[PDB]
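Take a look at the structure set out below.
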Amino acid sequence: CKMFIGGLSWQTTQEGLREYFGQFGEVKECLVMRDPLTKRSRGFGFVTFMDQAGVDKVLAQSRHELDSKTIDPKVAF
């Protein structure tokens, strides 16, 4: 069970993402994929971080938004 970010900017990265949530949510590992081969995702970043207000401070960025891209931090389900 880990968190998952949706809407990876057109230049987002992994550690940069570990640093995007690790700021208030200790990140243990994350996965970034791109290049949509089929009707599946089209660029996202998983992050199995974990902290007291983790999912909290994370919702504050429910839109993320950075390089003109409002990602969508969504943890668990």
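Residue names in the structure tokens use chain letters A, B, ... in the order shown, residue numbers from 1 in each chain, and ligand numbers from 1 in the order shown.
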
Spatial neighbours of residue 77 of chain A, 10 Å, only C-alpha atoms, chain gap at least 3 places, as number ranges by chain: A: 1-4, 74

Can you write out the residues you just picked, keeping N, CA, C and O atoms, as a compact mmCIF listing (two decimals), in the first residue's frame?
# COMPACT_ATOMS: atom_id res chain seq x y z
N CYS A 1 0.85 -1.22 0.00
CA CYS A 1 0.00 0.00 0.00
C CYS A 1 0.88 1.26 0.00
O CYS A 1 1.66 1.48 0.90
N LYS A 2 0.76 2.08 -1.01
CA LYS A 2 1.59 3.31 -1.07
C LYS A 2 0.80 4.46 -1.71
O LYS A 2 -0.23 4.25 -2.33
N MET A 3 1.27 5.67 -1.57
CA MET A 3 0.55 6.82 -2.18
C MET A 3 0.77 6.81 -3.70
O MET A 3 1.57 6.06 -4.22
N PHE A 4 0.06 7.64 -4.42
CA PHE A 4 0.24 7.68 -5.90
C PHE A 4 -0.08 9.08 -6.43
O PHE A 4 -1.10 9.65 -6.13
N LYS A 74 -2.92 11.45 -5.08
CA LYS A 74 -4.01 10.58 -4.55
C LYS A 74 -3.39 9.37 -3.85
O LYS A 74 -2.81 8.50 -4.48

- request: Name the residues of segment 1-70 of chain A that fall into alpha helix (DSSP H) according to DSSP on the backbone, using the chain letters and numbers of this document, as a PyMOL selection string.
  value: chain A and resi 15-21+54-59

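Proximity to residue 71 of chain A was assessed for A:59, A:48, A:30, A:39 counting only C-alpha atoms; the smallest distance is recorded for A:59.
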
message: Report as a PyMOL selection string all protein, DNA and RNA residues lying within 12 Å of residue 61 of chain A, evaluated on only C-alpha atoms, omitting residues in the same chain fewer than 2 positions from it.
response: chain A and resi 5-7+20-21+24+54-59+63-66+69-75

Output for the residues just chosen: N, CA, C and O atoms as a compact mmCIF listing (two decimals), in the first residue's frame:
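Full text of selection.txt as output:
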# COMPACT_ATOMS: atom_id res chain seq x y z
N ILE A 5 0.80 9.63 -7.23
CA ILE A 5 0.55 10.99 -7.79
C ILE A 5 0.01 10.86 -9.22
O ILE A 5 0.45 10.02 -9.98
N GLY A 6 -0.95 11.67 -9.60
CA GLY A 6 -1.52 11.55 -10.97
C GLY A 6 -1.39 12.87 -11.73
O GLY A 6 -1.92 13.88 -11.33
N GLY A 7 -0.71 12.86 -12.85
CA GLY A 7 -0.56 14.11 -13.65
C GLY A 7 0.89 14.58 -13.62
O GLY A 7 1.17 15.75 -13.50
N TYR A 20 9.32 16.46 -3.34
CA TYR A 20 8.06 17.24 -3.42
C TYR A 20 7.11 16.82 -2.29
O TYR A 20 6.35 17.61 -1.78
N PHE A 21 7.16 15.58 -1.89
CA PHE A 21 6.28 15.10 -0.79
C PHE A 21 7.13 14.81 0.44
O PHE A 21 6.68 14.91 1.56
N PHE A 24 7.09 17.19 3.58
CA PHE A 24 6.21 17.05 4.77
C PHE A 24 5.78 15.59 4.93
O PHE A 24 5.15 15.22 5.90
N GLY A 54 0.97 13.26 6.70
CA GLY A 54 1.33 12.92 5.29
C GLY A 54 0.14 13.20 4.36
O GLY A 54 0.05 14.25 3.76
N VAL A 55 -0.75 12.26 4.24
CA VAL A 55 -1.93 12.46 3.34
C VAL A 55 -2.50 13.87 3.50
O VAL A 55 -3.09 14.41 2.59
N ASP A 56 -2.32 14.47 4.64
CA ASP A 56 -2.86 15.85 4.85
C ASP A 56 -2.09 16.85 3.99
O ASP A 56 -2.53 17.21 2.91
N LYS A 57 -0.96 17.30 4.45
CA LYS A 57 -0.16 18.28 3.64
C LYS A 57 -0.21 17.89 2.17
O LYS A 57 -0.11 18.72 1.29
N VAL A 58 -0.36 16.62 1.89
CA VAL A 58 -0.42 16.17 0.48
C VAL A 58 -1.72 16.66 -0.18
O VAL A 58 -1.71 17.13 -1.30
N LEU A 59 -2.83 16.57 0.50
CA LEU A 59 -4.10 17.04 -0.10
C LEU A 59 -3.94 18.53 -0.42
O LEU A 59 -4.42 19.02 -1.42
N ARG A 63 -3.85 19.49 -6.20
CA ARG A 63 -3.74 19.97 -7.60
C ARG A 63 -2.27 20.02 -8.01
O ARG A 63 -1.94 20.11 -9.18
N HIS A 64 -1.38 19.95 -7.06
CA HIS A 64 0.07 19.99 -7.35
C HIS A 64 0.42 21.25 -8.13
O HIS A 64 0.88 22.24 -7.59
N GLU A 65 0.19 21.22 -9.40
CA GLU A 65 0.48 22.38 -10.27
C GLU A 65 1.92 22.83 -10.11
O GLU A 65 2.39 23.14 -9.04
N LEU A 66 2.63 22.86 -11.20
CA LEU A 66 4.05 23.28 -11.15
C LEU A 66 4.45 23.84 -12.52
O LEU A 66 4.33 25.02 -12.77
N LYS A 69 1.36 22.21 -14.97
CA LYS A 69 0.63 20.93 -14.85
C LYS A 69 0.10 20.74 -13.42
O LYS A 69 0.86 20.65 -12.48
N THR A 70 -1.20 20.68 -13.27
CA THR A 70 -1.79 20.48 -11.91
C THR A 70 -1.91 18.98 -11.61
O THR A 70 -2.97 18.40 -11.75
N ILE A 71 -0.84 18.35 -11.22
CA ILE A 71 -0.91 16.88 -10.94
C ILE A 71 -2.05 16.60 -9.95
O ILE A 71 -2.83 17.47 -9.63
N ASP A 72 -2.18 15.38 -9.49
CA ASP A 72 -3.29 15.05 -8.57
C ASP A 72 -2.85 14.02 -7.53
O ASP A 72 -3.08 12.83 -7.71
N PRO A 73 -2.25 14.48 -6.47
CA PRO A 73 -1.79 13.57 -5.40
C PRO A 73 -2.96 12.73 -4.86
O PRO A 73 -3.86 13.24 -4.23
N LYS A 74 -2.92 11.45 -5.08
CA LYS A 74 -4.01 10.58 -4.55
C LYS A 74 -3.39 9.37 -3.85
O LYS A 74 -2.81 8.50 -4.48
N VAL A 75 -3.49 9.31 -2.56
CA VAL A 75 -2.91 8.17 -1.80
C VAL A 75 -3.97 7.11 -1.52
O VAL A 75 -5.15 7.38 -1.52

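For chain A, a DSSP pass over the backbone yields strand (DSSP E or B) at residues 3, 4, 5, 6, 30, 31, 32, 33, 44, 45, 46, 47, 72, 73, 74 and 75 of chain A.
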
Would you mind exporting N, CA and C atoms of the selected residues as a compact mmCIF listing (two decimals), in the first residue's frame?
# COMPACT_ATOMS: atom_id res chain seq x y z
N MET A 3 1.27 5.67 -1.57
CA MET A 3 0.55 6.82 -2.18
C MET A 3 0.77 6.81 -3.70
N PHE A 4 0.06 7.64 -4.42
CA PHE A 4 0.24 7.68 -5.90
C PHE A 4 -0.08 9.08 -6.43
N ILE A 5 0.80 9.63 -7.23
CA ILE A 5 0.55 10.99 -7.79
C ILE A 5 0.01 10.86 -9.22
N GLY A 6 -0.95 11.67 -9.60
CA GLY A 6 -1.52 11.55 -10.97
C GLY A 6 -1.39 12.87 -11.73
N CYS A 30 9.55 5.76 -4.69
CA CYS A 30 8.50 6.23 -5.64
C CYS A 30 8.76 5.66 -7.04
N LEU A 31 7.79 5.72 -7.91
CA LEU A 31 7.99 5.19 -9.28
C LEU A 31 7.47 6.19 -10.33
N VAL A 32 8.28 6.56 -11.28
CA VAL A 32 7.80 7.54 -12.30
C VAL A 32 7.79 6.90 -13.69
N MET A 33 6.68 6.97 -14.37
CA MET A 33 6.59 6.37 -15.72
C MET A 33 6.04 7.40 -16.71
N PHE A 44 2.89 9.48 -14.69
CA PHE A 44 2.51 9.64 -13.26
C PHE A 44 3.71 9.37 -12.35
N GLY A 45 3.49 9.36 -11.06
CA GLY A 45 4.62 9.10 -10.12
C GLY A 45 4.09 8.51 -8.82
N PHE A 46 4.42 7.28 -8.54
CA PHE A 46 3.95 6.63 -7.28
C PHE A 46 4.88 7.01 -6.13
N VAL A 47 4.38 7.07 -4.94
CA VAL A 47 5.25 7.45 -3.79
C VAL A 47 4.75 6.78 -2.51
N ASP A 72 -2.18 15.38 -9.49
CA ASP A 72 -3.29 15.05 -8.57
C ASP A 72 -2.85 14.02 -7.53
N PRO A 73 -2.25 14.48 -6.47
CA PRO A 73 -1.79 13.57 -5.40
C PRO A 73 -2.96 12.73 -4.86
N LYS A 74 -2.92 11.45 -5.08
CA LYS A 74 -4.01 10.58 -4.55
C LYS A 74 -3.39 9.37 -3.85
N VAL A 75 -3.49 9.31 -2.56
CA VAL A 75 -2.91 8.17 -1.80
C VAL A 75 -3.97 7.11 -1.52
